[PDB]
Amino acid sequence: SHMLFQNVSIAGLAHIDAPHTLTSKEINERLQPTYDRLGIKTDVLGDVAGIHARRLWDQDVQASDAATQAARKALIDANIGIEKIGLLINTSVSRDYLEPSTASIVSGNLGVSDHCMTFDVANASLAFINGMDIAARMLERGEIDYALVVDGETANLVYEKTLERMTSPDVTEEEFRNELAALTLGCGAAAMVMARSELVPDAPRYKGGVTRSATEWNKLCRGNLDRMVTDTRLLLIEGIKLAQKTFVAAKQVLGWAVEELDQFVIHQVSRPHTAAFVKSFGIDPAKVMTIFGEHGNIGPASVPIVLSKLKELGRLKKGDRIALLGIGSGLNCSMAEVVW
């Protein structure tokens, strides 16, 4: 068995795209005097990072609100009412308060029953996979019939404040480079209904996968509500090394061979970061969908949003072996498999 999940399925899946488009052209327009003062002549966002646009919410939209929208849509996709949900896990980096959990707020909005167990899981960009794993263990045991995993991300504040700091006449080069990665973030939401396979015989199967870590690199990317500081160079270098370890483990327990997988759903930080990843592991780029160019990095929601879009586009066929890959601040790297 290799400790892989049995009889755990995905009954429903949905994503929400934030409505307001913010182009990198517009951002560069604001940053140009700082660019000129700093001697920067290259479009670091559009040409280097490879981000042309990202999406934002309204100011008054909280993480719980975005997650709730995604959740209502996932339930419809699974054709079930909220009364069937026995577990709700929120996995977003963004959060309303220190307490209560964002999950309890979303659950309050949806109207879960008194039997519904809820809490948040936080683990940077890999948290949704952690949420799926935690749910999978309860579903496999048969403690619950259905679970919701939800994730709403809000980057409005970090965009507002970073742009203000970076347009300061007294901003330093170092501070500018430190905070630049925050301008690759985007808003969005995703939700997944998981279920015991007996209940949804034709639904895709979730097997789970492997995790490797490098927690001595926990300082590389630190973020709060209004600010994110990132060592992009070291993230690339140490990320690839960690992914290498995880891939070796993935071949051991998942029996993976790149050419035998049909889709790779990869969490993305930037275009060259992804290209380095794809190249180092000999992956077919035609099996790697990217939304980064127009939506940017949506944290832990990135993986399920891309998966949901793949389904929406009709790219997933019955029998397709789908790899869920990611490197998250930690450092952590998780690799799991979905059989459509």
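We number the residues from 1 along the sequence you see.
Asks: Report the stretch with the higher mean CA temperature factor, choosing between 122 to 130 and 250 to 258 on the basis of the entry.
Replies: So the stretch with the higher mean C-alpha B-factor is 250 to 258.
Asks: Between 113 to 121 and 165 to 173, point out the one with the higher average CA B-factor as the PDB entry records it.
Replies: Taking the mean B-factor of the alpha carbons in each, 165 to 173 is higher.
Asks: Could you say which of 54, 271, 309, 41 has its CA atom at the highest B factor, as listed in the PDB entry?
Replies: Highest C-alpha B-factor among the listed options: 271.
Asks: Taking the Cα B-factors listed in the entry, which of 141, 212, 219, 267 comes out highest?
Replies: That would be 141, according to the entry.
Asks: Looking at the C-alpha B-factor of residue 199, is it in the lowest, middle or highest third of its chain?
Replies: Within its chain, residue 199 is a highest-third residue by C-alpha B-factor, going by the deposited values.
Asks: Taking only the Cα B-factors deposited for this chain, tell me whether residue 184 sits in the lowest, middle or highest third.
Replies: For residue 184, whose C-alpha B-factor we compare with every modelled residue in the chain, the answer is the lowest third.
Asks: Looking at the temperature factor on the CA atom of residue 193, which third of the chain's modelled residues does it land in?
Replies: According to the entry, residue 193 has a C-alpha B-factor in the chain's lowest third.
Asks: Tell me, lowest, middle or highest third: where does the Cα B factor of residue 151 rank within its chain?
Replies: It falls in the bottom third of the chain.
Asks: Going by the entry, which third of its chain does the Cα temperature factor of residue 25 land in?
Replies: CA B-factor rank for residue 25: middle third.
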